[PDB]
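Have a look at the structure below, then the notes.
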Amino acid sequence: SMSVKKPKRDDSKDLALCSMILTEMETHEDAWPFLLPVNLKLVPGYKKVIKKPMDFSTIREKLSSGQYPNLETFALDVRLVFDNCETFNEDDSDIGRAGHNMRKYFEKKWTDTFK
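All you need for the deposited numbering is the position in the sequence shown, starting with 1, plus 1855.
Structure follows, in structure tokens:
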């Protein structure tokens, strides 16, 4: 509360480390469904159903331009990519499987780097 603070967690490396995690996600073989924004002209249903589209390129731009205030807002956008994928794709599809794999991969790197 006022004039009463928990000890300062060092956050000075967070930007660099989120950038490393994102690089690893970008270079995974199963990243291909997530590298670019879904083309809303060419994919029926996407625009109406997926209220907040997110992809890796868009995360990378946000990251590089100071649009994440902290490491939790970065993790929210990454999870959004996988939650959108589950909303629109069958579990038993190549894209559906890709999204499960990528989410598992991300969650391990996140825990190992920060928890």
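All C-beta atoms in this analysis are idealised placements derived from N, C-alpha and C, irrespective of residue type, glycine included.
Which same chain residues, not among the five before or five after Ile1876, have their C-beta less than 6 Å away from its C-beta?
Taking the first residue of the sequence shown as position 1, residue 1876 is located at position 21. Excluding its 5 nearest sequence neighbours in each direction, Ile1876 has C-beta neighbours in its own chain below 6 Å: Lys1964, listed in chain order.
Kindly list the residues whose CB is nearer than 7 Å to the CB of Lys1902, restricted to its own chain and excluding five residues on each side of it in sequence; keep chain order.
Here residue 1902 corresponds to residue number 47 of the sequence shown, with the count starting at 1. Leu1895, listed in sequence order.
Cβ separation of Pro1908 and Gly1954, assumed to be a contact under 8 Å, to the nearest whole Å
What you label residue 1908 is simply residue 53 of the sequence shown in a count that begins at 1. What you label residue 1954 is simply residue 99 of the sequence shown in a count that begins at 1. Rounded, the Cβ-Cβ distance is 14 Å, inconsistent with contact.
If you reduce the DSSP assignment to three classes, tell me which class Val1859 lands in.
As a first step, residue 1859 is located in the sequence shown; it is residue number 4 there, counting from the start. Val1859 falls in the coil class under three-state DSSP.
Between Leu1872 and the rest of its own chain, which residues show a CB-CB distance below 6 Å, the 5 nearest in sequence each way excluded?
Counted from its first residue, the sequence shown places residue 1872 at position 17. Taking C-beta separations shorter than 6 Å and ignoring five residues to either side along the sequence, the partners of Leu1872 in its chain run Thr1968, following chain order.
Inter-residue spacing [alpha-carbon to alpha-carbon] between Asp1947 and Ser1920
Against the sequence shown, residue 1947 aligns to sequence position 92. Against the sequence shown, residue 1920 aligns to sequence position 65. Near 37 Å, if we compare the C-alpha coordinates of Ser1920 and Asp1947.
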